[PDB]
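Numbers in our numbering are just positions in the sequence shown, counted from 1, shifted up by 103.
Beneath this line is the structure, given in structure tokens, with notes to follow.
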Amino acid sequence: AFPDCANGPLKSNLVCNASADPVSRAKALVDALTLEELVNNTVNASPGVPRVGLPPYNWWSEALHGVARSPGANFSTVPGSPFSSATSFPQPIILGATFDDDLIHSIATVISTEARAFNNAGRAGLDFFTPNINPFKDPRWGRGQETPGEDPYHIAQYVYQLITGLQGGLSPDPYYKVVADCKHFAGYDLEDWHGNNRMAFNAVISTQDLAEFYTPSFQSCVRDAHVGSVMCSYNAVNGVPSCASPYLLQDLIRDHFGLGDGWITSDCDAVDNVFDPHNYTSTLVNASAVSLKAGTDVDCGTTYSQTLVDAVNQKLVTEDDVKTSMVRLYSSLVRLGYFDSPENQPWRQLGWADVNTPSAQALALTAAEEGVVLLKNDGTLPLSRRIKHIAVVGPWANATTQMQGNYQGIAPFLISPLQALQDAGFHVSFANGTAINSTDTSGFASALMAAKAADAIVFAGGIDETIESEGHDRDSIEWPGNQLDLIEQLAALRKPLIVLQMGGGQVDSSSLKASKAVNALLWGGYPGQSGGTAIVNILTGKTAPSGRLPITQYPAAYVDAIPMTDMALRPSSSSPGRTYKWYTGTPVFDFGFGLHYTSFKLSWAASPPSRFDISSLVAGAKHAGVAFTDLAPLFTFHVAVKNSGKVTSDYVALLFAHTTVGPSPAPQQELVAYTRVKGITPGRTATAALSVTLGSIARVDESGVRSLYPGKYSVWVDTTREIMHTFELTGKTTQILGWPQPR
Ligand SMILES: *[C@@H]1O[C@H](CO)[C@@H](O)[C@H](O)[C@H]1NC(C)=O
Ligand SMILES: *[C@@H]1O[C@H](CO)[C@@H](O)[C@H](O)[C@H]1NC(C)=O
Ligand SMILES: *[C@@H]1O[C@H](CO)[C@@H](O)[C@H](O)[C@H]1NC(C)=O
Ligand SMILES: *[C@@H]1O[C@H](CO)[C@@H](O)[C@H](O)[C@H]1NC(C)=O
Ligand SMILES: *[C@@H]1O[C@H](CO)[C@@H](O)[C@H](O)[C@H]1NC(C)=O
Ligand SMILES: *[C@@H]1O[C@H](CO)[C@@H](O)[C@H](O)[C@H]1NC(C)=O
Ligand SMILES: *[C@@H]1O[C@H](CO)[C@@H](O)[C@H](O)[C@H]1NC(C)=O
Ligand SMILES: *[C@@H]1O[C@H](CO)[C@@H](O)[C@H](O)[C@H]1NC(C)=O
Numbered sequence: 104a105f106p107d108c109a110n111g112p113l114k115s116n117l118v119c120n121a122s123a124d125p126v127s128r129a130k131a132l133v134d135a136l137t138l139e140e141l142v143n144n145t146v147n148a149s150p151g152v153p154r155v156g157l158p159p160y161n162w163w164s165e166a167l168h169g170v171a172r173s174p175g176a177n178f179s180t181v182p183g184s185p186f187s188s189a190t191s192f193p194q195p196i197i198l199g200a201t202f203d204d205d206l207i208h209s210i211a212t213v214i215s216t217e218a219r220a221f222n223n224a225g226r227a228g229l230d231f232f233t234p235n236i237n238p239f240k241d242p243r244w245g246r247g248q249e250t251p252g253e254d255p256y257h258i259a260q261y262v263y264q265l266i267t268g269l270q271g272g273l274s275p276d277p278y279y280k281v282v283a284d285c286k287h288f289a290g291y292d293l294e295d296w297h298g299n300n301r302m303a304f305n306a307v308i309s310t311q312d313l314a315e316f317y318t319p320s321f322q323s324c325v326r327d328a329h330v331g332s333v334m335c336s337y338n339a340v341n342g343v344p345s346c347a348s349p350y351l352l353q354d355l356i357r358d359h360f361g362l363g364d365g366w367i368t369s370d371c372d373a374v375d376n377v378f379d380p381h382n383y384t385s386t387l388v389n390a391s392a393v394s395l396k397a398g399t400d401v402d403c404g405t406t407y408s409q410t411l412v413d414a415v416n417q418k419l420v421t422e423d424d425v426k427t428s429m430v431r432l433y434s435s436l437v438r439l440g441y442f443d444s445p446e447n448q449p450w451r452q453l454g455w456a457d458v459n460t461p462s463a464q465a466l467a468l469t470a471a472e473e474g475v476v477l478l479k480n481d482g483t484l485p486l487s488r489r490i491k492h493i494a495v496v497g498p499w500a501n502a503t504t505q506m507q508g509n510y511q512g513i514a515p516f517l518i519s520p521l522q523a524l525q526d527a528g529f530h531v532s533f534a535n536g537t538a539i540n541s542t543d544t545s546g547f548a549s550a551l552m553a554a555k556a557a558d559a560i561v562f563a564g565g566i567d568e569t570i571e572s573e574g575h576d577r578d579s580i581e582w583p584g585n586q587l588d589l590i591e592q593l594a595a596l597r598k599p600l601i602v603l604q605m606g607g608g609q610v611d612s613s614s615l616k617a618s619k620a621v622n623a624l625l626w627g628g629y630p631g632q633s634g635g636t637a638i639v640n641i642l643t644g645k646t647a648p649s650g651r652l653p654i655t656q657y658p659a660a661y662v663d664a665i666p667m668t669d670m671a672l673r674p675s676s677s678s679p680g681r682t683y684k685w686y687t688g689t690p691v692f693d694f695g696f697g698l699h700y701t702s703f704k705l706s707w708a709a710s711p712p713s714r715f716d717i718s719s720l721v722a723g724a725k726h727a728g729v730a731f732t733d734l735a736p737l738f739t740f741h742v743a744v745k746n747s748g749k750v751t752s753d754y755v756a757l758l759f760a761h762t763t764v765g766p767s768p769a770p771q772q773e774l775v776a777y778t779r780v781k782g783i784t785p786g787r788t789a790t791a792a793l794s795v796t797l798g799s800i801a802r803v804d805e806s807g808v809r810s811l812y813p814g815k816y817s818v819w820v821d822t823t824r825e826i827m828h829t830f831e832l833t834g835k836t837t838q839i840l841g842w843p844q845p846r
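See the structure below:
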């Protein structure tokens, strides 16, 4: 329900005055309320205040890749009825594999539209706990499937697009569409590995790594995209739980990244964890108190509503702290149109007709088609047209709900690889074969019989929610169970053999890489509701592959070279380094790697520049139309991409940078720019524009300070160093962005 501002008990409170300042309306609502009532509404499952006609409002809604199940979400229980389903896009890991920022904005628009409709039905809030922008740093993380990948720059671009699409522009022009929430702020990328439970874990993070790896995405989300909400993390960073750290919430989130009057929710009773099990405060009241003074405005739990009155009476917090939090929450609601009449709000008109739109379904399909990565191919793909009888085998072959990952809703449909092969007209012999993770070989003979007479074999396997999930990290990053044994037995048949490696995290597929009998390999992640159709469109050649790995495929032994608790990224006395930036070993498949159905010849469309003076770049930063010096340009490369093959294809141009100047050691590579060139027909030459910022090229020192250093720099335009360029910066080392030193 919404408050009645025409006739309800608040119709003369300034909150119901539609032309008034939002913060003034929030202050008028808060000032008319009892301290005890305000404390009552410091939690996600807020009762409202019946005395003033303020209805209940639940802050906990989920929409990570489409409207999702949550305490605040209500799917209809009649399967064909209104609000019985919503568009279930692929997991953000495949979305990040697309490297298509525009597509991310479109997907965010669809999600916000459907969420608005559900809220108009009383089946969702106006306020969703998305996105997850913690880098998928360690390959074992059970929640990395929820993220765009392991590169902070890529995550930053992704999250800019997603926040602006979800909230409706860079500002509430009339209103917020929905209020997004970039979540788990501060060093959270671990579930329960080796008994290190997230709710008791202490992330020891250097200042350099905090500023260089763990927070740039929050820069983009909070400072550049103007998110209206941040969620503070379960864990501790350097001894202080996130939600009770005023250095993190005030100095970094609100001040450095400019959240301002935007509100901060805890993770779901992380305030409770500040007491138990973090043992940071010796009482629950003091846990609530220090979390509130640090900057946690609303508690995803009942701890605040049970303790904050005690905390005011014990002088641990003031009534004004509670009032400030409440003003933040209600100001956000005011900017959402909560206290405005629905007559002039188009977003208050969206209904069930606006959910599973033909265009939204096509968009989910397009996302899956651009995200799937072709890891290996010898020409077998796209499938020969004489291929007719196909055996589909594996614990993912007929995957329906598996394709949705976690944090999902109810989809209108789930098109499995099996069904999409049947939709395409193939004569299919299906066999489970074996489970995701078991020692039972009973199904092997059945799969062999399915494959014995076939024209081609499609094995679909990997990991899923039973292997990686919130609260469960992986111990091994190998294929689970005996899946590889069955793939080997199928390869013995020496037929055309295609292997679909699914799941969010990567598994060691090097054995498949080295086998001549495995003719093709694709990573399908969690591909969403139309995943099978996308995969089969790729297999048949109806759509050409173009997706690229958003994370590294590590060799299995990586799990023995570094513990998951090691928050450092640089190589060390005990670490081979983390991510493509620092890993000293040999990935099975590199970050950004991907194959196409055609060849590309790359050259310079404009002659690239050779030298820059640092003071000149800093001076010109003031005169480019950007809000902060780190957002101003270094340059824009123009690359010509000739389709030298015979098949129309997209191409993701990825610009990597390396340097030896400034702080040592330097990363091996950093992704500084990328762009998706669409629909290059055979013979044509398309031009890709690659814009690098001063912030992407500036180095972070031991203090978290980001500066421009004068030295020699190089750039290249694929993982295969497809063209290459050297330039040089000259002048004084000059600071581009400061860093608040830890309290
Ligand atoms: C809202 O307040 C302004 C002054 O702040 C006043 O001019 C206007 O009439 C008020 N509108 C309503 C609907 O009360
Ligand atoms: C706080 O909420 C509880 C549960 O709805 C209710 O019993 C109590 O009266 C509320 N307190 C005030 C001051 O409204
Ligand atoms: C929506 O939720 C309410 C309770 O929150 C429940 O009574 C109702 O049945 C739900 N809607 C449907 C269609 O089941
Ligand atoms: C909590 O920490 C205090 C010191 O900060 C210590 O004395 C106490 O034993 C700890 N209690 C628990 C339950 O961990
Ligand atoms: C509450 O916790 C903080 C930080 O642990 C501590 O400094 C403070 O003394 C505690 N308050 C009380 C009343 O014990
Ligand atoms: C494929 O999965 C669906 C569940 O979504 C099931 O109804 C169907 O029977 C399965 N097909 C086969 C051949 O197992
Ligand atoms: C395939 O797998 C599921 C296990 O989740 C099983 O219940 C199903 O009946 C199997 N299908 C066949 C045709 O044996
Ligand atoms: C597979 O199951 C076994 C037994 O439950 C377990 O020890 C192993 O960790 C599982 N594999 C994965 C990758 O989770």
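Don't be surprised by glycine CBs; every beta carbon is placed ideally from N, CA and C.
Residue i to residue j span [Cα, whole Å]
i, j, result
"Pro277", "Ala109", "20 angstroms"
"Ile590", "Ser173", "38 angstroms"
"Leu477", "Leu624", "6 angstroms"
"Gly363", "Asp443", "23 angstroms"
"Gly474", "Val415", "51 angstroms"
"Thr778", "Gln586", "36 angstroms"
"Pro153", "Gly111", "11 angstroms"
"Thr837", "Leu774", "22 angstroms"
"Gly365", "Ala463", "30 angstroms"
"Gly454", "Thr190", "14 angstroms"
Closer than 8 angstroms: residue i CB and nearest ligand 1 heavy atom
i, result
"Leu117", "yes"
Supposed close pair residue i, residue j - CB separation, criterion 8 angstroms
i, j, result
"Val818", "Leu758", "6 angstroms"
"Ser718", "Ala471", "With 8 angstroms as the limit, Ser718 and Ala471 do not qualify as a contact, their Cβ atoms being about 47 angstroms apart."
"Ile266", "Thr250", "15 angstroms between Cβ atoms; not a contact."
"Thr687", "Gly697", "That pair is no contact at about 23 angstroms."
"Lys815", "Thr762", "7 angstroms"
"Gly252", "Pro653", "3 angstroms"
"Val262", "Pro242", "Actually they are not in contact, since the Cβ atoms of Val262 and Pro242 sit about 21 angstroms apart, beyond 8 angstroms."
"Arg577", "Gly245", "7 angstroms"
"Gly290", "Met670", "6 angstroms"
8 angstroms CB neighbourhood of residue i in its chain, flanking five on each side removed
i, result
"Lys598", "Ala554, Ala557, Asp558, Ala559 and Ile560"
"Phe533", "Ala494, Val495, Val496, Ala500, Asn501, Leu521 and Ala553"
Ligand 6 heavy atom lying under 8 angstroms from the CB of residue i
i, result
"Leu411", "no"
"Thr689", "no"
"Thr503", "yes"
Heavy atom of ligand 2 within 8 angstroms of residue i beta-carbon
i, result
"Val152", "yes"
"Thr145", "no"
"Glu140", "yes"
"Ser408", "yes"
Neighbourhood of residue i by C-beta, 7 angstroms cutoff - its chain only, sequence neighbours within 5 removed
i, result
"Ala303", "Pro380 and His381"
"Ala135", "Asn116 and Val155"
"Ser794", "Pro736, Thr739 and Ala776"
"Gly650", "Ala200, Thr201, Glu473, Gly474, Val475, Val476 and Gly697"
Heavy atom of ligand 4 within 8 angstroms of residue i beta-carbon
i, result
"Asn382", "yes"
Cut-off 6 angstroms between Cβ atoms - residues of its own chain near residue i, not counting five sequence neighbours on either side
i, result
"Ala314", "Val803, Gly807 and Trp842"
"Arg301", "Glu294, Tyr337 and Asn338"
"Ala743", "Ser706, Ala708, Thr788 and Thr790"
Near ligand 8: residue i beta-carbon under 8 angstroms from a heavy atom
i, result
"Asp423", "no"
Closer than 8 angstroms: residue i CB and nearest ligand 7 heavy atom
i, result
"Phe533", "yes"
Any non-hydrogen atom of ligand 5 within 8 angstroms of residue i CB
i, result
"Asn389", "yes"
"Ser385", "yes"
"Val775", "no"
(request) Pull every residue with its beta-carbon under 6 angstroms away from any heavy atom of ligand 3, and keep them in chain order. (result) That gives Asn177, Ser179 and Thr180.
(request) Pull every residue with its beta-carbon under 6 angstroms away from any heavy atom of ligand 1, and keep them in chain order. (result) Going by the Cβ distance cut-off, the answer is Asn120, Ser122 and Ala123.
(request) Would you list the residues whose beta-carbon is nearer than 6 angstroms to any heavy atom of ligand 8, in the order they occur in the chain? (result) Going by the Cβ distance cut-off, the answer is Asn540, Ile570, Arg577, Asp578, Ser579 and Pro583.
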